[PDB]
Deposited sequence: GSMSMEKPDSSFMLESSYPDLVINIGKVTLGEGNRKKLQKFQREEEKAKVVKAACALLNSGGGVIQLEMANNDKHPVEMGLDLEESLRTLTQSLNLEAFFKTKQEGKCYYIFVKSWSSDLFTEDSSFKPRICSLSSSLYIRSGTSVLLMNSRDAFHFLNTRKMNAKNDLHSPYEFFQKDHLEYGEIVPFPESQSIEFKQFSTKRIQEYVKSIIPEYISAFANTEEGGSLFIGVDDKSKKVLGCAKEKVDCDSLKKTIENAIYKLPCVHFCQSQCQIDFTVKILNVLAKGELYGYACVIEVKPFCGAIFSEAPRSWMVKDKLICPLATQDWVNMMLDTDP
């Protein structure tokens, strides 16, 4: 039950990725889901080959073009950044035979002696899934920054709680007395599909807080403009399920050193004594290590299967250069 077929092993490694649409004209006409899912198959396969000693991806051209066409700009852009090269021929060559299309991928030659300088990550990745918090912005760390982070984070080894969150309740419309900053983040509640919204924001914001030196707090239920405490109406959510969902998405966050020192508190939003709804605050201590929003977004062939890299594996491989 996978979109990849592994046809042969080393040293004639071949990954059949099924059908893909080629050509810039044909790919703009595609729907978003067709264009993105096809690009995923190409990137995931190319990354697997790069980290596994070379190979060729096998592709059945889905376009019915009378003549050969260019690969496509979006596919071109992905293979370029994945290999950190402005040129595609540094690692890729293409051939057209029958109704199949082959992309030969040179092995990612990290353990080499070159004059390249710059920065060569030991392993190829689509995303490090490592987010850090800077000011009021949360940023995805690239290979250069994540390596130095992971290395300098623990070649060598400030959290102050906000007393505003110790109250038994909040009043509807009350103005939050402190501003968004390095240690606090405000987000409104979605009008519909509460827990789906919460589960989408928790991994990135919480992971970025833990990876800083001082940690921070996430406060959900605050209007973005007026900074007034609104929360979600009690009719739209159950506060029991909300507290559990937030704790669960946090516990699922991949960790590399131990858990994250965090706490989730549910606050009742009152209106003249009557329960209107709930706000939520998540306080996270600084973690002596790295906390990921997801697994690291990279793959490699292990024995006879394309399997994603475990977090411990990706980190160990990354900083063994």
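Gaps between the deposited sequence and the modelled structure occur at positions 1-8, 166-168, 269-273, 338-339.
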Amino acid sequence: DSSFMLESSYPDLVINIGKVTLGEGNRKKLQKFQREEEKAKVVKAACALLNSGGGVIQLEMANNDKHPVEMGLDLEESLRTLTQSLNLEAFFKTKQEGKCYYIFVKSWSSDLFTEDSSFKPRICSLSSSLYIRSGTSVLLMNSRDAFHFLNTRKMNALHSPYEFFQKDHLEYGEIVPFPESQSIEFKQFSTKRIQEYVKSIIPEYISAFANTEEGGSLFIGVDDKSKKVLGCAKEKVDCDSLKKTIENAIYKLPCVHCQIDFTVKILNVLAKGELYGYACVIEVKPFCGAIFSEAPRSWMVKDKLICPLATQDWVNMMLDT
From here on, numbers count along this sequence of modelled residues.
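The question of which stretch, 269-277 or 60-68, has the higher mean Cα B factor is settled in favour of 60-68.
For the two regions 127-135 and 190-198, the entry's Cα B-factors average higher over 190-198. Highest CA B-factor among 173, 203, 215, 98, as stated in the entry: 98. Take 159, 80, 228, 167 and read off each C-alpha B-factor from the entry; 159 has the highest. When all modelled residues of the chain are sorted by CA temperature factor, residue 248 is found within the highest third. In the deposited entry, the Cα temperature factor of residue 290 sits in the middle third of values across the chain's modelled residues. Sort the modelled residues of the chain by CA B factor and residue 17 lands in the middle third. In the PDB entry, a CA B factor belonging to the lowest third of its chain's modelled residues is recorded for residue 38.
Ranked within its chain, residue 85 lands in the middle third, by CA B factor from the PDB record.
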